[PDB]
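Trainee: Questions regarding the structure given below will be posed in turn.
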Amino acid sequence: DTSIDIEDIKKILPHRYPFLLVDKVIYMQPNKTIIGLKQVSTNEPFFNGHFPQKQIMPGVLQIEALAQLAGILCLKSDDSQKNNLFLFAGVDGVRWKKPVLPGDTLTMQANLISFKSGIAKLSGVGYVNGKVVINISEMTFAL
Amino acid sequence: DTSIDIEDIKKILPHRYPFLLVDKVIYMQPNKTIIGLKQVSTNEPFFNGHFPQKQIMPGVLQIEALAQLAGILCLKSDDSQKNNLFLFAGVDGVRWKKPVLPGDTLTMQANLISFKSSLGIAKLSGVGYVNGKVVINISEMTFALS
Amino acid sequence: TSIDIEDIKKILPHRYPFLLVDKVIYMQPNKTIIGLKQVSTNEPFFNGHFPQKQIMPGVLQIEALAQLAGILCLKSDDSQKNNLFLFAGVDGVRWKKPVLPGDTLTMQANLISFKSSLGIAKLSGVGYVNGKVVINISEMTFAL
Amino acid sequence: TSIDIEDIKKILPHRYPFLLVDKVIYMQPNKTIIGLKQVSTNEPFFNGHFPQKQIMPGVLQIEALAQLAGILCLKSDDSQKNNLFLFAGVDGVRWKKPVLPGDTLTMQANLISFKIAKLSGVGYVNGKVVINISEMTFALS
Amino acid sequence: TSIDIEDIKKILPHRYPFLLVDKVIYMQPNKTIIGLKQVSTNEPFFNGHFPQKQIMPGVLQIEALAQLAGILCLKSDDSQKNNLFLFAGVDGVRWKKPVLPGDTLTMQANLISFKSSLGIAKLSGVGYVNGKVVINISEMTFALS
Amino acid sequence: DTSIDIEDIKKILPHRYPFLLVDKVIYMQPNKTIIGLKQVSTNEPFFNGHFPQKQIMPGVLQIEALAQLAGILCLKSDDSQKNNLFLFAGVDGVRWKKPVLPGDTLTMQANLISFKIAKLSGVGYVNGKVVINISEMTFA
Ligand SMILES: O=C(CC(=O)C(F)(F)F)c1ccc([N+](=O)[O-])cc1
Ligand SMILES: O=C(CC(=O)C(F)(F)F)c1ccc([N+](=O)[O-])cc1
Ligand SMILES: [Cl-]
Ligand SMILES: [Cl-]
Ligand SMILES: [Cl-]
């Protein structure tokens, strides 16, 4: 809606350095969808180990980035449960298509499928220059 | 029937700190299986951010650890392709049951399902346990050789 | 009884990258403590000790033992509402075998003497890896 | 000639956590260079500048531009087979806007004189100037 | 008349790994400040600048002086209850000698002009290693924010 | 000038970041003694953890700092044994007198006692004041 910067992401997510993988939330509509973006700089602690010969953002950290963007969605959609500590329950149908490299802007959109009580299921996609880098059919989450 | 120590691991996998998650390979049968373990300590760089109120090993790092073990199996199963930089192509059927906490040993088995010299296309299943109970299942991991 | 990592941080002030007790698996107040440290290649100190070969620094096997000793002192007698304990002295440290990534360091400390509200405690300590003695400490002295 | 990071580390000696150029998009030898720095929350410095509010250190934006300058000098003339370039002096540094996480800092350095070399530099975030550096002086050593 | 690291943390918001003042050995309000930064090989920036040879970044030397300047400003006049000082501009920076591991970066910053009205302060800065000048800075402009 | 700078220390000791704790050797007499200094800054990875509430250099890191200085000594005393990885075999008579804080210069001296298993003694000063005593360090 209005844009929501980092200082306010740290108020929603319990995550911190080196494991906060969302820089900005550019569009969020509660109970439907969220769009955020992660900047990929060589100046991140994980590159030095993946890999020294060739820096490629771990596929698992692109899941984690989406999974955190998905989290921001759930915790703004309903905060009657005042517990920001969400855990990944299950993930299904992850497909990585293109490497994500330093200097790239990872643009990510996750979409809610169902909510209950928590037990929430979301879909996720990430793009670098309008090309699909990673698909996630279903991310499940629990309190 | 040898245990493989860390220095030899670092000769197989191109992974370094802070993203190498195999501490030891304790069992490995080429073209078939692999069993190793990751030691979970409070003194790993990720636990400060996940989370400061409660320390829990990020389930994706478990995926990575299993993937890295799977990775080991592939490269000691067939290294005509002298390229160690493997990339995750897809993961499927991931269920996390139990939290992995500091002090735990994460024992991991991954099983090769299919391998094709075609492109470096290998499919693998995997389980992660802490104290004989299942903490993670992975139905299918797909990897591509560069 | 059984002290998990979250409860460890409530007792000790130690934080990353210098908190070297992952679990306390047996404790008896004013007598003994058994805890454990998981040695993984994913610790910041391994990159610098050493690149060619990874061996857990001997001084960190002391500190770990010293932190587990501290825990015992603080649970044994907490009339002194001060958690910041300082190393006073250490005596008769012998390293026998290397501690490597993949290893579980089993540690036990035994309280020898405590002088109440003077903060002067003395303890012994032994660390194990697969039933094998990897570090011995004759005497750790602490100041509250 | 566009340059990715792997090749950047072949030109610059800078490494983690003090390599502040992620890509080189345009490079004209002896004339101009344009590159970008991705400002993400997952950088080591942000934890300390500041806890309460995250703002890229102005000194690092200079540094980012400085290395951008450094590459340009090296790919202009490398009969000096010495990649170690030192900051000899900086002038006319003006910070207009803070740089925050999630920003793309775009950078253009211009060579002025090479004998010892002199360069100007500008940094953009969404077409808007966030930093001006009139003169960066460098000494090969 | 010397303020140690715990107190520096009460004045400055800067934290690890971007706090670059270890001690303030002399400070006179509205006029001058003298402090020192200890250069150790066990600093996280050394690994990247550079692997082949360890040299404390010219830019960080700026930061350290600026930070020392920062302290001076905050203890000169604290009616503006705001410790987040931002660098507005820096002028006439000349680096003379490399600062190496093992060196004690002794620093002096001197206030020139302050307009309480706005939140704008101007300071010169000098750094010495063994009484030898390593860094000159003619002007460091700051904005209270 | 009897000194050793960091770039030369790194050729003698294998140790690297974040566990190299000797910034400079200032004096060295083979088979007798060695003087070195470690700079203690707030910009060191360990201070964030020990402690957050009050920054004090771990007693153990003062041992290691003196140990590494003692390690440089044995290696330059006699490098017929072409092996730089020295292991601390034991340590005895460690007493810590004063807290070492950020801002301090840790001035260390180690002295060779016996070489066959090498034994050495160690002292650390902070502004002439004695902060650490090590009766005996054993090396293998
Ligand atoms: O998970 C990994 C790293 C591995 O190869 C392994 F084996 F460690 F899992 C990864 C997967 C996909 C990409 N990608 O395409 O961006 C990058 C890295
Ligand atoms: O403190 C060290 C590191 C060193 O080698 C040196 F040189 F730094 F002292 C150490 C001490 C004891 C063992 N051990 O248990 O065998 C291994 C390493
Ligand atoms: Cl302690
Ligand atoms: Cl530079
Ligand atoms: Cl500042």
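Chains: A, B, ... in order of the structure tokens. Residues: from 1 per chain. Ligands: from 1, in order shown.
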Name all residues at most 7 Å from residue A:126 (count only C-alpha atoms; drop same-chain ones fewer than 5 positions away) and give them as number ranges by chain.

Mentor: A: 106-109, 132-135

Trainee: Produce a file of the selected residues containing N, CA and C atoms, as a compact mmCIF listing (two decimals), in the first residue's frame.

Mentor:
# COMPACT_ATOMS: atom_id res chain seq x y z
N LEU A 106 16.78 -9.05 -6.52
CA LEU A 106 15.81 -10.11 -6.43
C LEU A 106 14.47 -9.51 -6.02
N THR A 107 13.52 -9.54 -6.96
CA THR A 107 12.15 -9.09 -6.72
C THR A 107 11.30 -10.31 -6.47
N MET A 108 10.53 -10.28 -5.39
CA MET A 108 9.81 -11.46 -4.92
C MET A 108 8.37 -11.17 -4.59
N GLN A 109 7.50 -12.07 -5.04
CA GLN A 109 6.09 -12.04 -4.69
C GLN A 109 5.61 -13.40 -4.18
N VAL A 132 12.13 -15.28 -14.52
CA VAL A 132 11.87 -16.14 -13.37
C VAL A 132 13.11 -16.91 -12.96
N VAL A 133 13.52 -16.73 -11.71
CA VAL A 133 14.68 -17.42 -11.17
C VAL A 133 14.30 -18.60 -10.26
N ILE A 134 13.20 -18.46 -9.52
CA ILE A 134 12.76 -19.49 -8.57
C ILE A 134 11.23 -19.54 -8.38
N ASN A 135 10.68 -20.75 -8.51
CA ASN A 135 9.28 -21.01 -8.21
C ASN A 135 9.12 -21.84 -6.96

Trainee: List every residue of chain B that DSSP, applied to the backbone of this structure, assigns to alpha helix (DSSP H), and report them as a PyMOL selection string.

Mentor: chain B and resi 6-12+59-77

Trainee: Which residue is closest to chain D? Choose from A:10, A:54, A:15, A:95 and count only C-alpha atoms.

Mentor: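 Among the listed residues, A:54 lies closest to chain D.
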
Trainee: Can you tell me which residues sit at most 9 Å away from ligand 4, counting only C-alpha atoms and all ligand atoms, written as a PDB file with N, CA, C and O atoms, in the first residue's frame?

Mentor:
ATOM      1  N   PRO D  13      41.982  -5.942  -5.631  1.00  0.00           N
ATOM      2  CA  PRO D  13      42.502  -6.845  -4.615  1.00  0.00           C
ATOM      3  C   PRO D  13      41.587  -6.918  -3.402  1.00  0.00           C
ATOM      4  O   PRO D  13      41.784  -7.783  -2.524  1.00  0.00           O
ATOM      5  N   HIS D  14      40.604  -6.017  -3.363  1.00  0.00           N
ATOM      6  CA  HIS D  14      39.643  -5.934  -2.264  1.00  0.00           C
ATOM      7  C   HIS D  14      38.793  -7.197  -2.145  1.00  0.00           C
ATOM      8  O   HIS D  14      38.350  -7.754  -3.152  1.00  0.00           O
ATOM      9  N   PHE D  18      35.084  -5.727   2.390  1.00  0.00           N
ATOM     10  CA  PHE D  18      35.491  -4.394   1.947  1.00  0.00           C
ATOM     11  C   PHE D  18      35.715  -4.323   0.426  1.00  0.00           C
ATOM     12  O   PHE D  18      36.636  -3.651  -0.065  1.00  0.00           O
ATOM     13  N   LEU D  19      34.863  -5.046  -0.297  1.00  0.00           N
ATOM     14  CA  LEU D  19      34.704  -4.926  -1.737  1.00  0.00           C
ATOM     15  C   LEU D  19      33.311  -4.363  -1.942  1.00  0.00           C
ATOM     16  O   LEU D  19      32.305  -5.028  -1.670  1.00  0.00           O
ATOM     17  N   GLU D  63      34.309   5.018  -0.432  1.00  0.00           N
ATOM     18  CA  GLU D  63      35.082   3.805  -0.701  1.00  0.00           C
ATOM     19  C   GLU D  63      34.558   3.043  -1.915  1.00  0.00           C
ATOM     20  O   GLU D  63      35.345   2.640  -2.783  1.00  0.00           O
ATOM     21  N   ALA D  64      33.240   2.859  -1.984  1.00  0.00           N
ATOM     22  CA  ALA D  64      32.618   2.209  -3.139  1.00  0.00           C
ATOM     23  C   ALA D  64      33.020   2.901  -4.455  1.00  0.00           C
ATOM     24  O   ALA D  64      33.516   2.240  -5.382  1.00  0.00           O
ATOM     25  N   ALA D  66      35.497   4.913  -4.847  1.00  0.00           N
ATOM     26  CA  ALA D  66      36.956   4.892  -4.892  1.00  0.00           C
ATOM     27  C   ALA D  66      37.482   3.655  -5.598  1.00  0.00           C
ATOM     28  O   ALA D  66      38.420   3.742  -6.392  1.00  0.00           O
ATOM     29  N   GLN D  67      36.869   2.507  -5.302  1.00  0.00           N
ATOM     30  CA  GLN D  67      37.232   1.243  -5.941  1.00  0.00           C
ATOM     31  C   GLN D  67      36.766   1.250  -7.390  1.00  0.00           C
ATOM     32  O   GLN D  67      37.431   0.698  -8.265  1.00  0.00           O
ATOM     33  N   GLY D  70      39.288   3.016  -8.970  1.00  0.00           N
ATOM     34  CA  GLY D  70      40.448   2.127  -8.997  1.00  0.00           C
ATOM     35  C   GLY D  70      40.466   1.128 -10.137  1.00  0.00           C
ATOM     36  O   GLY D  70      41.521   0.888 -10.727  1.00  0.00           O
ATOM     37  N   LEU D  84      47.460  -3.087  -6.177  1.00  0.00           N
ATOM     38  CA  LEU D  84      47.402  -2.330  -4.921  1.00  0.00           C
ATOM     39  C   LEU D  84      47.430  -0.806  -5.224  1.00  0.00           C
ATOM     40  O   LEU D  84      48.488  -0.225  -5.544  1.00  0.00           O
ATOM     41  N   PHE D  85      46.241  -0.186  -5.157  1.00  0.00           N
ATOM     42  CA  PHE D  85      46.107   1.273  -5.262  1.00  0.00           C
ATOM     43  C   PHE D  85      45.739   1.847  -3.902  1.00  0.00           C
ATOM     44  O   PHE D  85      44.857   1.327  -3.216  1.00  0.00           O
ATOM     45  N   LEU D  86      46.419   2.919  -3.509  1.00  0.00           N
ATOM     46  CA  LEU D  86      46.125   3.551  -2.230  1.00  0.00           C
ATOM     47  C   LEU D  86      45.432   4.903  -2.336  1.00  0.00           C
ATOM     48  O   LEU D  86      45.711   5.701  -3.252  1.00  0.00           O
ATOM     49  N   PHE D  87      44.524   5.148  -1.378  1.00  0.00           N
ATOM     50  CA  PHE D  87      43.854   6.424  -1.284  1.00  0.00           C
ATOM     51  C   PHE D  87      44.853   7.441  -0.765  1.00  0.00           C
ATOM     52  O   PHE D  87      45.316   7.335   0.375  1.00  0.00           O
TER      53      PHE D  87
ATOM     54  N   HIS E  49      41.025  -5.894   3.125  1.00  0.00           N
ATOM     55  CA  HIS E  49      41.758  -4.696   2.726  1.00  0.00           C
ATOM     56  C   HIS E  49      43.169  -4.676   3.325  1.00  0.00           C
ATOM     57  O   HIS E  49      43.424  -3.953   4.286  1.00  0.00           O
ATOM     58  N   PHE E  50      44.092  -5.478   2.796  1.00  0.00           N
ATOM     59  CA  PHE E  50      43.880  -6.425   1.707  1.00  0.00           C
ATOM     60  C   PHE E  50      44.413  -7.772   2.165  1.00  0.00           C
ATOM     61  O   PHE E  50      45.165  -7.828   3.149  1.00  0.00           O
ATOM     62  N   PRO E  57      41.951   1.025   6.048  1.00  0.00           N
ATOM     63  CA  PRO E  57      41.369   1.832   4.967  1.00  0.00           C
ATOM     64  C   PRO E  57      41.361   3.322   5.262  1.00  0.00           C
ATOM     65  O   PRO E  57      40.920   3.742   6.339  1.00  0.00           O
ATOM     66  N   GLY E  58      41.856   4.106   4.306  1.00  0.00           N
ATOM     67  CA  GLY E  58      41.884   5.569   4.423  1.00  0.00           C
ATOM     68  C   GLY E  58      40.554   6.145   4.867  1.00  0.00           C
ATOM     69  O   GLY E  58      40.505   7.033   5.718  1.00  0.00           O
ATOM     70  N   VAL E  59      39.480   5.604   4.294  1.00  0.00           N
ATOM     71  CA  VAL E  59      38.103   5.983   4.614  1.00  0.00           C
ATOM     72  C   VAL E  59      37.723   5.716   6.067  1.00  0.00           C
ATOM     73  O   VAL E  59      36.986   6.500   6.655  1.00  0.00           O
TER      74      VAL E  59
END

Trainee: Quick one: residues within 7 Å of ligand 1, with only C-alpha atoms and all ligand atoms, as a PyMOL selection string?

Mentor: (chain A and resi 56-60+96-100) or (chain B and resi 15+64+67-68+71+85-89)

Trainee: What does the file look like for those residues with C-alpha atoms, as a PDB file, in the first residue's frame?

Mentor:
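Saved file out_36.pdb follows:
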ATOM      1  CA  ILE A  56      26.088 -17.768  -6.523  1.00  0.00           C
ATOM      2  CA  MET A  57      23.300 -17.019  -4.034  1.00  0.00           C
ATOM      3  CA  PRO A  58      22.319 -20.303  -2.355  1.00  0.00           C
ATOM      4  CA  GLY A  59      19.025 -21.650  -3.647  1.00  0.00           C
ATOM      5  CA  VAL A  60      18.002 -22.330  -0.055  1.00  0.00           C
ATOM      6  CA  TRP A  96      15.299 -22.917  -9.485  1.00  0.00           C
ATOM      7  CA  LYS A  97      15.702 -21.736 -13.080  1.00  0.00           C
ATOM      8  CA  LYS A  98      18.540 -19.207 -13.247  1.00  0.00           C
ATOM      9  CA  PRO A  99      21.468 -18.401 -10.908  1.00  0.00           C
ATOM     10  CA  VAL A 100      21.047 -15.280  -8.799  1.00  0.00           C
TER      11      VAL A 100
ATOM     12  CA  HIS B  15      31.554 -25.019   0.074  1.00  0.00           C
ATOM     13  CA  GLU B  64      21.379 -27.419   2.483  1.00  0.00           C
ATOM     14  CA  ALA B  67      21.870 -31.379  -0.229  1.00  0.00           C
ATOM     15  CA  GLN B  68      25.579 -31.026   0.531  1.00  0.00           C
ATOM     16  CA  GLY B  71      26.327 -33.563  -3.319  1.00  0.00           C
ATOM     17  CA  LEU B  85      30.221 -26.802  -8.413  1.00  0.00           C
ATOM     18  CA  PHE B  86      26.796 -28.462  -8.298  1.00  0.00           C
ATOM     19  CA  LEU B  87      23.579 -26.450  -8.262  1.00  0.00           C
ATOM     20  CA  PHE B  88      20.190 -27.253  -6.728  1.00  0.00           C
ATOM     21  CA  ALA B  89      17.773 -27.565  -9.648  1.00  0.00           C
TER      22      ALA B  89
END

Trainee: Can you tell me which residues come within 7 Å of ligand 2 when counting only C-alpha atoms and all ligand atoms, ideally as a PDB file with C-alpha atoms, in the first residue's frame?

Mentor:
ATOM      1  CA  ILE C  55      41.739 -28.005  15.395  1.00  0.00           C
ATOM      2  CA  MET C  56      39.682 -26.426  18.186  1.00  0.00           C
ATOM      3  CA  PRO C  57      41.884 -23.956  20.091  1.00  0.00           C
ATOM      4  CA  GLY C  58      43.051 -25.315  23.447  1.00  0.00           C
ATOM      5  CA  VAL C  59      42.235 -22.018  25.196  1.00  0.00           C
ATOM      6  CA  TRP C  95      45.975 -31.127  26.348  1.00  0.00           C
ATOM      7  CA  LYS C  96      46.230 -34.792  25.337  1.00  0.00           C
ATOM      8  CA  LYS C  97      44.371 -35.209  22.048  1.00  0.00           C
ATOM      9  CA  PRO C  98      43.119 -32.815  19.336  1.00  0.00           C
ATOM     10  CA  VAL C  99      39.432 -31.801  19.304  1.00  0.00           C
ATOM     11  CA  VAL C 134      41.258 -34.502  25.553  1.00  0.00           C
ATOM     12  CA  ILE C 135      41.752 -31.785  28.225  1.00  0.00           C
TER      13      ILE C 135
ATOM     14  CA  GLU F  64      46.727 -17.511  23.473  1.00  0.00           C
ATOM     15  CA  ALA F  67      51.296 -18.535  23.548  1.00  0.00           C
ATOM     16  CA  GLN F  68      51.514 -17.378  19.940  1.00  0.00           C
ATOM     17  CA  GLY F  71      55.326 -19.998  19.434  1.00  0.00           C
ATOM     18  CA  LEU F  85      51.836 -25.832  13.593  1.00  0.00           C
ATOM     19  CA  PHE F  86      52.763 -25.834  17.301  1.00  0.00           C
ATOM     20  CA  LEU F  87      50.278 -27.335  19.739  1.00  0.00           C
ATOM     21  CA  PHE F  88      49.822 -26.056  23.254  1.00  0.00           C
ATOM     22  CA  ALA F  89      50.641 -29.132  25.321  1.00  0.00           C
TER      23      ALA F  89
END

Trainee: Starting from chain E, keep only residues with some atom at most 12 Å from an atom of chain C, counting only C-alpha atoms, and report them as a list in words.

Mentor: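 That gives the following set of residues: residues 41, 42, 44 and 47 of chain E.
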
Trainee: Report as a VMD selection string all protein, DNA and RNA residues lying within 10 Å of residue A:55, evaluated on only C-alpha atoms, omitting residues in the same chain fewer than 5 positions from it.

Mentor: (chain A and resid 42 46 to 50 99 to 102) or (chain D and resid 5 to 6)

Trainee: Selection from above, N, CA and C atoms, as a short mmCIF file (atom, residue, chain, number, x, y, z; two decimals), in the first residue's frame, can you write it?

Mentor:
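For reference, again-v2.cif as written:
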data_model
loop_
_atom_site.label_atom_id
_atom_site.label_comp_id
_atom_site.auth_asym_id
_atom_site.auth_seq_id
_atom_site.Cartn_x
_atom_site.Cartn_y
_atom_site.Cartn_z
N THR A 42 27.89 -8.52 -3.17
CA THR A 42 29.02 -9.40 -2.84
C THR A 42 29.40 -9.24 -1.37
N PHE A 46 27.60 -14.87 3.33
CA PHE A 46 27.46 -16.21 2.77
C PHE A 46 28.21 -16.44 1.46
N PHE A 47 28.51 -15.37 0.73
CA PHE A 47 29.16 -15.53 -0.57
C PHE A 47 30.56 -16.11 -0.44
N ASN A 48 31.24 -15.71 0.64
CA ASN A 48 32.59 -16.14 0.90
C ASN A 48 32.72 -17.65 1.06
N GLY A 49 31.57 -18.32 1.19
CA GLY A 49 31.56 -19.76 1.32
C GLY A 49 30.73 -20.48 0.27
N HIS A 50 30.13 -19.72 -0.65
CA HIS A 50 29.29 -20.30 -1.69
C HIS A 50 29.23 -19.46 -2.98
N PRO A 99 20.66 -18.91 -12.02
CA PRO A 99 21.47 -18.40 -10.91
C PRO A 99 21.07 -16.98 -10.53
N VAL A 100 21.17 -16.66 -9.24
CA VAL A 100 21.05 -15.28 -8.80
C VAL A 100 22.46 -14.85 -8.38
N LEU A 101 22.96 -13.78 -9.01
CA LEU A 101 24.35 -13.36 -8.81
C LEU A 101 24.47 -12.02 -8.07
N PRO A 102 25.64 -11.75 -7.46
CA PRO A 102 25.90 -10.42 -6.91
C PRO A 102 25.56 -9.31 -7.90
N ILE D 5 31.18 -9.73 -11.13
CA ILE D 5 31.96 -9.75 -9.90
C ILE D 5 33.21 -10.63 -9.93
N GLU D 6 33.11 -11.83 -10.51
CA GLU D 6 34.24 -12.75 -10.57
C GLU D 6 35.43 -12.07 -11.21
#

Trainee: For residue C:93, find every residue with an atom within 7 Å (counting only C-alpha atoms), except residues of its own chain fewer than 5 positions away, and show them as number ranges by chain.

Mentor: C: 136-138; F: 90-92

Trainee: Please list as a VMD selection string every residue within 6 Å of stretch 107-117 of chain B, counting only C-alpha atoms and excluding residues in the same chain fewer than 4 positions away.

Mentor: chain B and resid 32 to 37 70 121 to 129

Trainee: Write out as a list in words each polymer residue (protein, DNA or RNA) that has an atom no more than 7 Å from ligand 5, with only C-alpha atoms and all ligand atoms counted.

Mentor: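 Residues lying within 7 Å of ligand 5: residues 57 of chain D; 63, 66, 67, 85, 86 and 87 of chain E.
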
Trainee: Let me make sure I understand: among E:101, E:92, E:13, E:29, which one has the smallest atom-to-atom distance to chain F if we use only C-alpha atoms?

Mentor: E:101

Trainee: Using only C-alpha atoms and all ligand atoms, find each residue with an atom at most 8 Å away from ligand 3 and format the answer as a count of residues only.

Mentor: 10

Trainee: When you get a sec, could you note down which chain F residues fall within 12 Å of chain B, using only C-alpha atoms, as a PyMOL selection string?

Mentor: chain F and resi 45-46+48-49

Trainee: Please determine, counting only C-alpha atoms, which residue among E:36, E:73, E:60, E:12 has the shortest atom-to-atom distance to residue D:59.

Mentor: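 Checking each candidate against residue D:59, we get E:60 as the closest.
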
Trainee: Compile the residues of chain D that lie within 10 Å of chain E, evaluated using only C-alpha atoms, and express the compilation as a VMD selection string.

Mentor: chain D and resid 12 to 19 44 to 53 55 57 to 63 66 84 86 to 98 131 to 137

Trainee: Using only C-alpha atoms and a distance of at most 7 Å, pull out the residues of chain B that contact chain C, as number ranges by chain.

Mentor: B: 6-7, 17-18, 20-21, 23-24, 38-44, 54, 102-103

Trainee: For stretch 131-135 of chain B, find every residue with an atom within 9 Å (counting only C-alpha atoms), except residues of its own chain fewer than 2 positions away, and show them as a list in words.

Mentor: residues 95, 96, 97, 98, 99, 100, 104, 105, 106, 107, 127, 128, 129 and 137 of chain B

Trainee: Show me, as a PyMOL selection string, every residue of chain D with an atom at most 6 Å from chain A, counting only C-alpha atoms.

Mentor: chain D and resi 17+22-23+38+40-43+101-102
